[PDB]
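What follows is one structure encoded as C-alpha cells, with my remarks underneath.
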Amino acid sequence: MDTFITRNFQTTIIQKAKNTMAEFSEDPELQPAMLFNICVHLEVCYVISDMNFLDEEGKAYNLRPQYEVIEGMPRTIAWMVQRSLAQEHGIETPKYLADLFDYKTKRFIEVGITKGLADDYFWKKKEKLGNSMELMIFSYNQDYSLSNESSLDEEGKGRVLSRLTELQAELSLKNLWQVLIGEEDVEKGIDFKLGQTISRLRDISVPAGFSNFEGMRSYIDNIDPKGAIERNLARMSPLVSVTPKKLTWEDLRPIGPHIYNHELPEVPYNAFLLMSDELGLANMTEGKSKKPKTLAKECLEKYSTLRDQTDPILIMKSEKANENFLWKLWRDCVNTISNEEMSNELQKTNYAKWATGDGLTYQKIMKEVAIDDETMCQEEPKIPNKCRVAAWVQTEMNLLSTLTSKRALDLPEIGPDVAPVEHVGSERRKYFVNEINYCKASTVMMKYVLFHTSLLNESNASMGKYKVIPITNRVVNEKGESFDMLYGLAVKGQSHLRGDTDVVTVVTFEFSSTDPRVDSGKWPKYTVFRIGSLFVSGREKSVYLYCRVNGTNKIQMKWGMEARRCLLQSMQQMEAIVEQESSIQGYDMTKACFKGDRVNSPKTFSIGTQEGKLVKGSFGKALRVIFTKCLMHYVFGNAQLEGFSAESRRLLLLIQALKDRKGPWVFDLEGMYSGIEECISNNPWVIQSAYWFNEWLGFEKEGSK
Amino acid sequence: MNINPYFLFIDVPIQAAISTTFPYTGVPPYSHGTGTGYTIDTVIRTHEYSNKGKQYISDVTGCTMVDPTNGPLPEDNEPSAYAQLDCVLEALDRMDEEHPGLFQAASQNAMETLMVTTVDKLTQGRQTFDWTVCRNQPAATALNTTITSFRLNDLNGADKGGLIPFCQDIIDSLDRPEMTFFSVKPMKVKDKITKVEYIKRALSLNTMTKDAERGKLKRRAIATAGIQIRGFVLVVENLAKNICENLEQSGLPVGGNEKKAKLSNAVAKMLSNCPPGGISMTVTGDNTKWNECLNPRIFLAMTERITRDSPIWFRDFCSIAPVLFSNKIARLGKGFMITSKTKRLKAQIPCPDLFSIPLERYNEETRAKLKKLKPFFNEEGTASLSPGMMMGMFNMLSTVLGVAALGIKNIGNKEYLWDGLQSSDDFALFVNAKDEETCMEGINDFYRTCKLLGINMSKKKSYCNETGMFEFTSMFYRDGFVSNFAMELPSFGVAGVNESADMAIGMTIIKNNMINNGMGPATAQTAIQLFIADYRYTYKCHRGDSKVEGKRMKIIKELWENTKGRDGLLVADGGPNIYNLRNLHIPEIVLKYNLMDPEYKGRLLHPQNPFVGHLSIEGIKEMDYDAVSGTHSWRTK
RNA sequence: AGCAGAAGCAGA
C-alpha cells in the first residue's frame with residue numbers, strides 16, 4: 001500500500017505526514033490508515049493555499065499569502081506560532097489544534113475529510129469545538145459543509161472536489177476502498193463527565209488555603225507567581241543549609257574502629273563449606289563420571305583406614321552440639337554410603353532427628369486464643385553480634401589466591417573463530433583461563449557449585465526423606481590424570497520448602513588437615529574429631545573431621561548452582577583493563593598486558609604488603625585475586641555486605657577525587673561514616689574489607705605527601 | 001606477606017575497576033515473613049514529614065488526611081514535604097519560557113494518543129492489585145475481572161473498546177450505591193459491597209517488601225495500585241514522557257549509549273560555558289525519602305498547569321490520577337507474628353486485629369510504630385496515606401518536577417550558574433562560578449530551592465568535586481571515559497521451554513545482553529561456554545565422544561558411533577558446539593544443515609514427527625525466537 | 001539446634 005501511497009503523494013507530503021506521525025509514537029507500518037487521512041488532510045490544507053494570496057493593502061488574488069498552514073510542521077513550532085497569531089490579532093485562541101489560518105477574516109480554519117454524509121460530521125466537529133473555529137468539511141460523495149460564506153470562492157471548492165474525485169474511486173478500482181477507515185474513529189472519545197463522588201474527591205484534593213477545586217483552577221490559570229521562589233527563600237530560616245565542607249585527607253578517619261577493640265569476640269568461621277582447610281580424599285579415575293554414592297563408596301574403600309575408624313578423639317565441641325549424636329550420624333552416613341544398596345536414605349532416628357532439628361517449629365493456633373492469652377508476646381528480634389578482625393580471613397584470602405597443581409574447570413568447546421573480534425576474544429579467554437584454572441579458588445567454587453546442585457536436586461526430589469549427600473569434585477592435574485575428590489558428607493534434613501526462604505538444615509562432616517586448636521577463635525561453630533592420619537610428604541599428617549550444622553534455603557541453593565558467574569565478574573573486570581590499555585595504544589594490548597613485548601613491558605599491579613612494604617604482582621596474580629574476591633563475595637554475601645559496599649563506594653569515590661586533586665567537598669561526612677559503620681556487624685568479609693580499607697587509606701595518605 | 005585487594009586501586013583508577021566493588025556474585029538480600037513492619041514504617045515516616053501541615057477528616061471515606069503543601073517552611077535539615085504551590089508554578093512557567101509551546105504540544109500529543117488508545121493497552125502492565133479478590137494478579141487477569149464486575153453492575157463502557165469509555169465507567173463506578181463483583185472463596189461466588197467500601201477498595205494499595213534489592217542493608221516496602229487508576233496514570237506518564245523527551249537535562253527515557261552520550265555532552269557543554277578564570281563543580285546527589293516527600297497535590301497542580309491551553313475534558317482526565325493518589329489508602333500486609341517460646345507456639349495477628357491486643361505484648365519497635373500509627377489507622381486494617389508517593393508510578397512527572405527545579409539556574413542574580421541532569425531519584429548538579437566558595441553558595445541555594453518544591457537532597461549520600469568526574473544512576477564518568485552501567489549479569493542457564501527453542505532463547509539473550517547492556521567479546525564467549533555447559537547438563541546431551549555415562553547418553557554415544565559426519569550434529573544430540581559471536585543470531589539447525597548427512601538429517605526434519613504434534617502460532621514464536629519445527633520442538637507433559 | 005537478622009523457617 002505504501003507503493004500505492006507514493007503514487008498519489010509526493011515525497012515531501014509523505015515525509016511530512018510520517019514526521020507528524022512520529023509525534024504520535026505508534027509503528028507507522030502498523031496502520032498506514034490514518035496516515036492516508038492525515039496526508040489527505042495535509043494535501044487539502046495546501047491546495048486551499050496554493051495560489052490564493054493577499055497584497056499589502058488587502059487585494060485578493062508580493063511576499064504574503066492570504067492563508068497560513070499549521071498542519072505538518074512540528075507540534076511545538078505549530079503551537080508557538082498559533083499562540084503568536086492569537087496574541088497578535090487579539091482573538092480567542094482555540095483549545096484544539098489549528099489546521100489553517102486565514103489572513104482576511106483573521107480566524108483559524110478547521111478541515112475534515114469524511115467518508116459519508118458531511119452535515120452530521122460537521123455537527124460532530126461543532127460539538128468537539130463549537131464556534132472557536134470555522135469548519136470546512138468535505139466528503140467523497142461530492143459533499144461539503146463550510147461554516148463561512150466568503151472563506152473561499154467556487155474555484156477552490158471545485159478544485160478540492162476534483163482532487164478527491166480520484167480517491168473516491170481510484171482506491172475502489174484497485175480494490176483499496178474496502179479497508180479505508182473513517183476519520184471520526186481517531187477522535188471518538190471527546191466526552192468525559194465527572195461524577196458527584198469523584199467531584200468531591202477532587203474538591204478535597206486541593207492544596208491547603210483554597211476552598212475548592214474551582215478556586216484552585218482559577219488561581220493557577222490567572223495569578224502570575226513572579227518572585228515567589230526568591231521571596232520564600234528570603235523568608236526561609238538560615239538553619240536550612242547544606243553545610244558545605246571541603247574534604248581533606250585528615251577528615252578520612254578509619255572506618256569502623258570498633259574492629260580494633262579486643263573485647264569483642266573475633267569473627268568466627270561461617271562459610272557453608274571449608275575453603276582453604278579442605279582435605280580432599282583423591283581417587284584416580286580415567287573416565288566415567290560414576291554415581292556420587294558409588295564414587296564416595298570407592299573413595300572410602302581406598303582409605304578404609306579412615307573409613308573404619310570407630311574410636312575418635314573429640315578435639316573441639318561446639319557450645320550447643322551433642323558430640324555423641326554427631327558421631328553416630330557420621331557413622332550412619334559412612335555405613336549407608338558404604339553399603340551395597342543404591343539408595344542413600346538414612347532412617348529418621350533420634351540423633352538424626354536432633355541434628356536435623358525434627359519437630360522444632362512452633363505450633364500455630366487460632367488468633368482468638370493468642371489474643372486471650374497474656375504470656376504470648378512478640379519476640380524481640382535478634383540483632384547481629386558485633387565482632388572484631390580475625391586473621392583466618394586474611395589466611396583464606398592468601399591461600400585461595402595461590403596457584404595449585406590442579407584444574408577444576410572443564411568448560412565446553414565453541415565454534416572456530418573467524419572474525420577478528422572472536423580472535424581477540426579467544427586470546428583473552430586463553431590467557432584468563434590459563435591463569436585462573438590453576439588456582440585454589442576455582443576448585444573451591446567448583447566444589448560449592450556441584451554440592452549446591454546436588455543439594456537442590458535432593459531437596460526438591462526427596463522432600464520427606466533424610467539423605468546423605470557426598471561432597472564431591474572432579475579434578476584434573478597438569479599431567480592429564482583425572483581424580484575424584486571426596487571432601488566430606490552432608491546429611492539433608494526435611495526439605496518441605498514452600499516459601500523461597502524456607503530453611504532446610506544440612507549436617508556437614510568435612511575432612512581437613514588443620515588442627516582447630518591452632519586458631520581456637522576460628523572454630524566456635526565446628527565440632528571437630530580426630531579421625532586419623534595420612535602419609536603425604538614424608539610426615540604423618542593428622543586428618544580431622546569438622547562436623548557442623550548449617551542451613552540453606554532455595555534461593556541460596558539456586559545461586560550456588562550459578563556460582564560460575566564469578567568467572568564473568570572477574571573476566572569482564574580484567575577485560576575492561578585490557579580495553580583501557582588498548583585505548584592508550586590503539587591496538588590489541590592483550591599480549592602486552594599479560595606477557596609484554598619489545599615495545600611495552602608487562603603490566604604489574606600493587607598486590608599487597610610484605611614486612612610493611614608494598615609489593616607488586618603480575619597481571620595474572622591480580623586476576624586471580626579479584627577472582628577470589630568474587631568467590632568470597634559469593635560465599636560471604638548477605639545484606640551486610642551489600643550495605644557495606646553500597647555505602648563505602650561513596651568514600652572510595654571521594655578518595656579517588658582527592659587523589660586526582662579534584663578538591664572534593666562533603667555535606668555530612670558523619671552521616672556517611674555512620675551509614676558505612678552500621679553494616680559492619682559480624683560478616684567476616686565485611687570486617688576484613690574494613691581493615692583493608694583502613695590500611696589502603698593509610699597508604700594513600702602516605703603517598704599523597 | 002599479607003595480600004590486600006584494595007591495593008589494586010593504588011595502580012588503577014577506582015572508576016576503571018569499579019566493578020570490583022559491586023558484590024553482584026552474592027545472594028541478594030531477601031525478606032523473611034511479614035512486610036507489615038516496613039509498611040507501617042513507611043506510613044509513619046510519610047506522616048512525620050507532613051504532620052505540621054493541615055490535618056482534617058475526609059468526608060468521602062472518613063480517613064485522616066494530612067496536607068503539607070502551602071504549609072510552614074522548614075526550619076531544620078530534616079526531610080520536608082511542605083512544598084509551596086507558588087514556587088512550583090514559577091518553576092513550570094520558567095520551563096515554559098525556555099520551551100515555548102512544549103507544554104501544550106505535549107498535552108495535545110498525549111490527548112490524541114489517549115484517543116487512539118484501547119482498553120487492551122492496560123494489559124501491558126505488571127502485577128496489579130485486583131480488588132475483587134484483594135490480591136496482586138497479572139494485569140490481564142485484573143482487567144478481565146474488573147470488566148466482568150462492571151458488566152454485572154450495568155457498566156458496559158469497556159464494550160465500546162476505547163479507553164475513554166472504560167475510564168468513564170471507572171469513575172461512574174464510584175457513584176454506584178452498591179457494587180456486585182465476582183470473588184473467589186476455592187470457588188467462584190458473587191459478593192456485594194457498599195459504596196464507601198468499594199471506594200476504599202478502589203483507592204486501596206497493596207504493600208509488599210521489596211525482594212532482591214541490592215545495596216540496601218535494611219528492607220523497604222513497595223506498593224502496587226489497583227486496576228482503576230492504570231489508565232489515568234498511563235496518560236499522565238505519557239504526557240510527562242512527551243515533556244521529558246524534549247528536555248535537555250532529562251536523563252530519560254533512553255538507556256545505554258545515548259545515556260553515556262548525554263552525560264558526556266552535558267559535561268562538555270558545562271565546561272565550555274564556564275566564565276574565564278572561574279571554576280566548575282559537580283555534585284553527585286541522591287534524593288532521600290524521594291517518594292515520601294513528594295505530594296500528590298503538587299502533581300495535581302503540575303497537571304493543571306501543563307494542560308493550561310487544553311480542552312476542559314482532557315484537563316479533568318489528567319487531573320483524575322493525582323486526585324485518586326492524594327486520597328490513596330495503604331494496606332498493611334499480612335500482620336505480625338506473636339510467639340510464646342516456653343510453649344513453642346506462634347500465632348499470626350492480621351492487620352484488622354493489630355490493636356486487638358495490648359501494645360505491651362509487642363516489642364519496642366513495633367510498640368512505637370503502632371503508637372504512632374494509631375491516628376491514621378482504620379477499623380478494617382488500612383492506613384490513610386494522603387501524602388507521599390509510595391508506589392512511585394510518576395517517574396516521568398517526578399523527573400519533570402526535578403528538571404523544572406534545575407531550570408532556575410540562578411537566585412538573586414548571584415555570580416553563579418547551575419544546570420545538570422535529573423533521572424527519577426538521582427541527579428548530578430553542575431555549578432559554575434568564579435571560585436569554589438561561590439559554587440558551594442550556589443549549591444546551597446539549589447538545596448533550598450529543592451526543599452521549596454518538595455525535593456530533599458540527601459546530605460549523607462551526596463558529595464561534590466571539581467567537574468570532570470562524577471556518578472549518575474550507576475554510571476561512572478571520569479575524564480570522558482565512562483566505566484559502564486553496572487547491571488546484575490544474569491544466569492546464562494536453561495531458558496526452560498524445549499530443546500531447540502531453548503538454545504534459540506539462550507543465544508538471543510546473549511546477543512541482546514551484548515548489544516544493549518555492557519558485555520565485551522571475551523565475556524560473551526565465556527557466557528556462551530557457560531550456557532552450553534548448563535544446557536548439556538540439564539538435557540544430559542553431552543558430547544557424543546564425552547565418556548560421561550547416562551541413560552540417554554548411552555543412546556547418544558550409539559548415535560555418535562553410528563554417525564559418519566560428526567560436524568553437523570546439534571548439541572542437543574551430543575554434537576559439537578558451533579556458536580560464536582558471529583553466528584549468535586542464526587539458529588543452529590540452519591548452521592549445521594549443510595554439514596549434516598541425510599542418514600540423520602532426514603530423521604530430524606521429519607514432517608510428521610511424533611513429538612511436536614499440533615502447533616500454535618504462540619508455540620513457534622512464543623519475547624520471540626527463531627527455530628525449526630524438528631524433533632527438538634516437543635512440549636511439556 | 002541451626003539457618004539467619006528488625007522476622008521468619010525448623011512441614012501443613
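Residues in the C-alpha cells are named by chain (A, B, ... in the order shown) and by number from 1 within that chain; ligands are numbered from 1 in the order shown.
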
(Q) Using only C-alpha atoms (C1' of nucleotides) and a cut-off of 9 Å, which residues of chain A sit close to chain C? Please list them as an MDAnalysis selection string. (A) chainID A and resid 320:321 354:362 380:384 464 494:498 501:506 549:553 639

Chain B contacts to chain C at 12 Å (only C-alpha atoms (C1' of nucleotides)) as a PDB file with N, CA, C and O atoms, in the first residue's frame:
```
ATOM      1  N   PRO B  29      19.813  -9.870  49.072  1.00  0.00           N
ATOM      2  CA  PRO B  29      19.018  -9.958  50.299  1.00  0.00           C
ATOM      3  C   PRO B  29      17.569 -10.297  49.998  1.00  0.00           C
ATOM      4  O   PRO B  29      17.001  -9.864  48.994  1.00  0.00           O
ATOM      5  N   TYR B  30      16.969 -11.087  50.887  1.00  0.00           N
ATOM      6  CA  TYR B  30      15.574 -11.476  50.777  1.00  0.00           C
ATOM      7  C   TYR B  30      14.880 -11.254  52.112  1.00  0.00           C
ATOM      8  O   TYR B  30      15.476 -11.437  53.177  1.00  0.00           O
ATOM      9  N   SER B  31      13.613 -10.859  52.047  1.00  0.00           N
ATOM     10  CA  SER B  31      12.831 -10.577  53.240  1.00  0.00           C
ATOM     11  C   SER B  31      12.139 -11.841  53.729  1.00  0.00           C
ATOM     12  O   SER B  31      11.620 -12.627  52.933  1.00  0.00           O
ATOM     13  N   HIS B  32      12.129 -12.023  55.046  1.00  0.00           N
ATOM     14  CA  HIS B  32      11.502 -13.173  55.681  1.00  0.00           C
ATOM     15  C   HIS B  32      10.246 -12.726  56.413  1.00  0.00           C
ATOM     16  O   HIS B  32      10.279 -11.756  57.176  1.00  0.00           O
ATOM     17  N   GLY B  33       9.145 -13.434  56.178  1.00  0.00           N
ATOM     18  CA  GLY B  33       7.930 -13.177  56.927  1.00  0.00           C
ATOM     19  C   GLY B  33       7.186 -11.936  56.463  1.00  0.00           C
ATOM     20  O   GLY B  33       7.271 -11.513  55.309  1.00  0.00           O
ATOM     21  N   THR B  34       6.447 -11.346  57.397  1.00  0.00           N
ATOM     22  CA  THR B  34       5.523 -10.267  57.076  1.00  0.00           C
ATOM     23  C   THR B  34       6.262  -9.020  56.610  1.00  0.00           C
ATOM     24  O   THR B  34       7.405  -8.762  56.996  1.00  0.00           O
ATOM     25  N   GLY B  35       5.585  -8.239  55.775  1.00  0.00           N
ATOM     26  CA  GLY B  35       6.017  -6.912  55.403  1.00  0.00           C
ATOM     27  C   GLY B  35       5.259  -5.798  56.090  1.00  0.00           C
ATOM     28  O   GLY B  35       5.399  -4.636  55.690  1.00  0.00           O
ATOM     29  N   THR B  36       4.454  -6.111  57.107  1.00  0.00           N
ATOM     30  CA  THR B  36       3.665  -5.079  57.769  1.00  0.00           C
ATOM     31  C   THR B  36       4.555  -4.074  58.486  1.00  0.00           C
ATOM     32  O   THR B  36       4.247  -2.878  58.516  1.00  0.00           O
ATOM     33  N   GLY B  37       5.651  -4.537  59.086  1.00  0.00           N
ATOM     34  CA  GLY B  37       6.518  -3.624  59.811  1.00  0.00           C
ATOM     35  C   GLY B  37       7.064  -2.525  58.924  1.00  0.00           C
ATOM     36  O   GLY B  37       7.028  -1.344  59.279  1.00  0.00           O
ATOM     37  N   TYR B  38       7.562  -2.896  57.745  1.00  0.00           N
ATOM     38  CA  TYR B  38       8.119  -1.900  56.835  1.00  0.00           C
ATOM     39  C   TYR B  38       7.037  -0.977  56.288  1.00  0.00           C
ATOM     40  O   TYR B  38       7.274   0.219  56.099  1.00  0.00           O
ATOM     41  N   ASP B  41       6.352   1.455  58.928  1.00  0.00           N
ATOM     42  CA  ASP B  41       7.463   2.396  58.992  1.00  0.00           C
ATOM     43  C   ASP B  41       7.347   3.450  57.900  1.00  0.00           C
ATOM     44  O   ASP B  41       7.569   4.639  58.147  1.00  0.00           O
ATOM     45  N   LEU B 217      21.021  -2.199  53.228  1.00  0.00           N
ATOM     46  CA  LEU B 217      21.108  -3.100  54.372  1.00  0.00           C
ATOM     47  C   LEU B 217      19.724  -3.471  54.890  1.00  0.00           C
ATOM     48  O   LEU B 217      19.451  -4.642  55.177  1.00  0.00           O
ATOM     49  N   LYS B 218      18.837  -2.490  55.012  1.00  0.00           N
ATOM     50  CA  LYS B 218      17.507  -2.702  55.560  1.00  0.00           C
ATOM     51  C   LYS B 218      16.480  -2.729  54.438  1.00  0.00           C
ATOM     52  O   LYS B 218      16.565  -1.949  53.485  1.00  0.00           O
ATOM     53  N   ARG B 219      15.509  -3.629  54.558  1.00  0.00           N
ATOM     54  CA  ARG B 219      14.488  -3.772  53.534  1.00  0.00           C
ATOM     55  C   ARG B 219      13.559  -2.562  53.528  1.00  0.00           C
ATOM     56  O   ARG B 219      13.456  -1.813  54.503  1.00  0.00           O
ATOM     57  N   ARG B 220      12.882  -2.374  52.399  1.00  0.00           N
ATOM     58  CA  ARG B 220      11.894  -1.320  52.243  1.00  0.00           C
ATOM     59  C   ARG B 220      10.683  -1.886  51.519  1.00  0.00           C
ATOM     60  O   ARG B 220      10.799  -2.822  50.724  1.00  0.00           O
ATOM     61  N   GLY B 335       0.328  -8.757  58.641  1.00  0.00           N
ATOM     62  CA  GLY B 335       0.215  -8.604  60.079  1.00  0.00           C
ATOM     63  C   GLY B 335       1.504  -8.918  60.809  1.00  0.00           C
ATOM     64  O   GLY B 335       2.591  -8.741  60.253  1.00  0.00           O
ATOM     65  N   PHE B 336       1.401  -9.383  62.054  1.00  0.00           N
ATOM     66  CA  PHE B 336       2.571  -9.646  62.882  1.00  0.00           C
ATOM     67  C   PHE B 336       2.439 -11.003  63.556  1.00  0.00           C
ATOM     68  O   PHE B 336       1.339 -11.447  63.876  1.00  0.00           O
ATOM     69  N   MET B 337       3.572 -11.651  63.799  1.00  0.00           N
ATOM     70  CA  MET B 337       3.587 -12.958  64.439  1.00  0.00           C
ATOM     71  C   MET B 337       3.996 -12.813  65.899  1.00  0.00           C
ATOM     72  O   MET B 337       5.058 -12.259  66.198  1.00  0.00           O
ATOM     73  N   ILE B 338       3.155 -13.316  66.799  1.00  0.00           N
ATOM     74  CA  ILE B 338       3.418 -13.307  68.233  1.00  0.00           C
ATOM     75  C   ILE B 338       3.647 -14.744  68.673  1.00  0.00           C
ATOM     76  O   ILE B 338       2.870 -15.640  68.320  1.00  0.00           O
ATOM     77  N   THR B 339       4.712 -14.967  69.437  1.00  0.00           N
ATOM     78  CA  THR B 339       5.136 -16.312  69.791  1.00  0.00           C
ATOM     79  C   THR B 339       5.422 -16.413  71.281  1.00  0.00           C
ATOM     80  O   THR B 339       5.944 -15.476  71.892  1.00  0.00           O
ATOM     81  N   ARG B 344       6.394 -23.032  72.774  1.00  0.00           N
ATOM     82  CA  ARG B 344       6.707 -23.230  71.363  1.00  0.00           C
ATOM     83  C   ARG B 344       5.455 -23.047  70.508  1.00  0.00           C
ATOM     84  O   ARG B 344       5.073 -23.910  69.717  1.00  0.00           O
ATOM     85  N   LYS B 346       3.105 -20.196  68.059  1.00  0.00           N
ATOM     86  CA  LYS B 346       3.100 -18.985  67.254  1.00  0.00           C
ATOM     87  C   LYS B 346       1.681 -18.702  66.789  1.00  0.00           C
ATOM     88  O   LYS B 346       0.870 -19.616  66.626  1.00  0.00           O
ATOM     89  N   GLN B 348      -0.493 -15.690  64.183  1.00  0.00           N
ATOM     90  CA  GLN B 348      -0.451 -14.551  63.278  1.00  0.00           C
ATOM     91  C   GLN B 348      -1.629 -13.634  63.579  1.00  0.00           C
ATOM     92  O   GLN B 348      -2.786 -14.062  63.516  1.00  0.00           O
ATOM     93  N   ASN B 363       7.016  -5.890  70.740  1.00  0.00           N
ATOM     94  CA  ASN B 363       8.365  -5.437  71.034  1.00  0.00           C
ATOM     95  C   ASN B 363       8.426  -3.911  70.972  1.00  0.00           C
ATOM     96  O   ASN B 363       7.475  -3.239  70.568  1.00  0.00           O
ATOM     97  N   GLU B 364       9.567  -3.361  71.387  1.00  0.00           N
ATOM     98  CA  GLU B 364       9.689  -1.910  71.486  1.00  0.00           C
ATOM     99  C   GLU B 364       9.450  -1.240  70.139  1.00  0.00           C
ATOM    100  O   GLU B 364       8.675  -0.281  70.035  1.00  0.00           O
ATOM    101  N   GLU B 365      10.107  -1.736  69.088  1.00  0.00           N
ATOM    102  CA  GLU B 365       9.994  -1.097  67.783  1.00  0.00           C
ATOM    103  C   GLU B 365       8.554  -1.118  67.288  1.00  0.00           C
ATOM    104  O   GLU B 365       8.005  -0.082  66.891  1.00  0.00           O
ATOM    105  N   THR B 366       7.922  -2.292  67.306  1.00  0.00           N
ATOM    106  CA  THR B 366       6.535  -2.373  66.872  1.00  0.00           C
ATOM    107  C   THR B 366       5.625  -1.577  67.793  1.00  0.00           C
ATOM    108  O   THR B 366       4.629  -1.010  67.334  1.00  0.00           O
TER     109      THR B 366
END
```

Q | DSSP alpha helix (DSSP H) selection over region 416-562 of chain B, as a ChimeraX atom specification | A | /B:436-452,500-515,521-539,551-562

Q.
Residues of region 26-93 of chain A classed as strand (DSSP E or B) by DSSP on the backbone are to be reported as a PyMOL selection string.
A. chain A and resi 53-54+60+65+67-69

Could you produce a table of the residues of region 167-278 of chain A lying within 9 Å of region 57-80 of chain B, with the nearest pair of atoms per residue and their separation in Å rounded to one decimal, using only C-alpha atoms, ordered by chain and increasing residue number, as JSON lines?
```
{"residue": "A:197", "atom": "CA", "partner": "B:60", "partner_atom": "CA", "distance": 7.6}
{"residue": "A:200", "atom": "CA", "partner": "B:60", "partner_atom": "CA", "distance": 7.5}
{"residue": "A:201", "atom": "CA", "partner": "B:60", "partner_atom": "CA", "distance": 7.1}
{"residue": "A:204", "atom": "CA", "partner": "B:58", "partner_atom": "CA", "distance": 7.5}
{"residue": "A:205", "atom": "CA", "partner": "B:67", "partner_atom": "CA", "distance": 8.9}
{"residue": "A:206", "atom": "CA", "partner": "B:67", "partner_atom": "CA", "distance": 9.0}
{"residue": "A:207", "atom": "CA", "partner": "B:69", "partner_atom": "CA", "distance": 5.9}
{"residue": "A:208", "atom": "CA", "partner": "B:70", "partner_atom": "CA", "distance": 5.9}
{"residue": "A:209", "atom": "CA", "partner": "B:70", "partner_atom": "CA", "distance": 7.3}
{"residue": "A:232", "atom": "CA", "partner": "B:73", "partner_atom": "CA", "distance": 8.2}
{"residue": "A:235", "atom": "CA", "partner": "B:73", "partner_atom": "CA", "distance": 8.7}
{"residue": "A:236", "atom": "CA", "partner": "B:73", "partner_atom": "CA", "distance": 6.4}
{"residue": "A:237", "atom": "CA", "partner": "B:75", "partner_atom": "CA", "distance": 5.6}
{"residue": "A:238", "atom": "CA", "partner": "B:75", "partner_atom": "CA", "distance": 7.9}
{"residue": "A:239", "atom": "CA", "partner": "B:76", "partner_atom": "CA", "distance": 5.8}
{"residue": "A:240", "atom": "CA", "partner": "B:76", "partner_atom": "CA", "distance": 5.2}
{"residue": "A:241", "atom": "CA", "partner": "B:77", "partner_atom": "CA", "distance": 6.9}
{"residue": "A:242", "atom": "CA", "partner": "B:77", "partner_atom": "CA", "distance": 7.8}
```

Dump N, CA and C atoms for the selected residues as a short mmCIF file (atom, residue, chain, number, x, y, z; two decimals), in the first residue's frame?
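part-v9.cif was written with the following content:
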```
data_model
loop_
_atom_site.label_atom_id
_atom_site.label_comp_id
_atom_site.auth_asym_id
_atom_site.auth_seq_id
_atom_site.Cartn_x
_atom_site.Cartn_y
_atom_site.Cartn_z
N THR A 197 -19.34 11.86 43.24
CA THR A 197 -18.38 11.38 44.23
C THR A 197 -16.96 11.75 43.84
N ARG A 200 -16.31 15.43 44.45
CA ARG A 200 -16.00 15.74 45.84
C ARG A 200 -14.57 15.35 46.18
N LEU A 201 -14.11 14.20 45.68
CA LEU A 201 -12.73 13.78 45.93
C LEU A 201 -11.75 14.81 45.38
N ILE A 204 -11.79 17.93 47.71
CA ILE A 204 -10.98 17.78 48.91
C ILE A 204 -9.52 17.51 48.60
N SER A 205 -9.15 17.36 47.33
CA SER A 205 -7.77 17.15 46.92
C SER A 205 -7.12 18.45 46.45
N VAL A 206 -7.48 19.56 47.07
CA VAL A 206 -6.94 20.87 46.69
C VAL A 206 -5.85 21.24 47.69
N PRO A 207 -4.80 21.96 47.29
CA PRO A 207 -3.79 22.39 48.26
C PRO A 207 -4.41 23.25 49.35
N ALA A 208 -3.77 23.23 50.51
CA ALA A 208 -4.27 23.99 51.65
C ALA A 208 -4.37 25.47 51.30
N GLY A 209 -5.44 26.10 51.79
CA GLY A 209 -5.68 27.51 51.56
C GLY A 209 -6.70 27.82 50.49
N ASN A 232 10.22 33.34 49.15
CA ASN A 232 10.21 32.24 50.09
C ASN A 232 11.62 31.91 50.56
N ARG A 235 12.63 34.47 53.16
CA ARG A 235 11.97 34.30 54.46
C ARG A 235 12.17 32.91 55.05
N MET A 236 12.94 32.04 54.39
CA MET A 236 13.26 30.74 54.96
C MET A 236 14.40 30.86 55.96
N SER A 237 14.36 30.01 56.98
CA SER A 237 15.35 30.09 58.05
C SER A 237 16.74 29.77 57.51
N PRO A 238 17.78 30.46 57.98
CA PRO A 238 19.14 30.08 57.57
C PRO A 238 19.54 28.69 58.01
N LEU A 239 18.88 28.13 59.02
CA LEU A 239 19.24 26.81 59.51
C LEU A 239 19.13 25.75 58.42
N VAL A 240 18.31 25.99 57.40
CA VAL A 240 18.17 25.05 56.29
C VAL A 240 19.31 25.30 55.31
N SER A 241 20.44 24.64 55.54
CA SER A 241 21.62 24.80 54.71
C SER A 241 22.25 23.44 54.48
N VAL A 242 22.98 23.32 53.38
CA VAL A 242 23.65 22.06 53.06
C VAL A 242 24.93 21.88 53.86
#
```

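Going from CA of residue 142 (chain B) over to CA of residue 206 (chain B), you cover 13.6 Å.
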
**Q.** Close residues, region 623-626 of chain B itself excluded, 8 Å, only C-alpha atoms (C1' of nucleotides), min 3 positions apart in chain, as a list in words
**A.** residues 501, 504, 505, 508, 587 and 620 of chain B

Do you know which residues are at most 8 Å from residue 417 (chain B) counting only C-alpha atoms (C1' of nucleotides), after dropping those on the same chain fewer than 6 positions away, and could you put them as a JSON list (two decimals) with N, CA, C and O atoms, in the first residue's frame?
```json
[["chain", "number", "residue", "atom", "x", "y", "z"],
["B", 409, "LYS", "N", 18.45, 28.00, 37.60],
["B", 409, "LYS", "CA", 19.78, 28.35, 37.13],
["B", 409, "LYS", "C", 20.41, 29.54, 37.85],
["B", 409, "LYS", "O", 21.58, 29.85, 37.63],
["B", 410, "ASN", "N", 19.66, 30.21, 38.73],
["B", 410, "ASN", "CA", 20.22, 31.34, 39.46],
["B", 410, "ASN", "C", 19.19, 31.86, 40.45],
["B", 410, "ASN", "O", 17.98, 31.72, 40.24],
["B", 431, "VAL", "N", 27.70, 23.32, 38.66],
["B", 431, "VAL", "CA", 27.64, 24.72, 39.04],
["B", 431, "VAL", "C", 28.93, 25.40, 38.62],
["B", 431, "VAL", "O", 30.02, 24.90, 38.91],
["B", 432, "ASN", "N", 28.80, 26.54, 37.95],
["B", 432, "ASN", "CA", 29.95, 27.34, 37.54],
["B", 432, "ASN", "C", 29.93, 28.67, 38.27],
["B", 432, "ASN", "O", 28.87, 29.29, 38.44],
["B", 433, "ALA", "N", 31.11, 29.11, 38.69],
["B", 433, "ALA", "CA", 31.24, 30.38, 39.39],
["B", 433, "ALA", "C", 32.66, 30.89, 39.20],
["B", 433, "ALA", "O", 33.40, 30.41, 38.33],
["B", 442, "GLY", "N", 26.08, 28.53, 45.52],
["B", 442, "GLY", "CA", 25.05, 28.18, 44.56],
["B", 442, "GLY", "C", 24.42, 26.83, 44.85],
["B", 442, "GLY", "O", 23.22, 26.64, 44.66]]
```
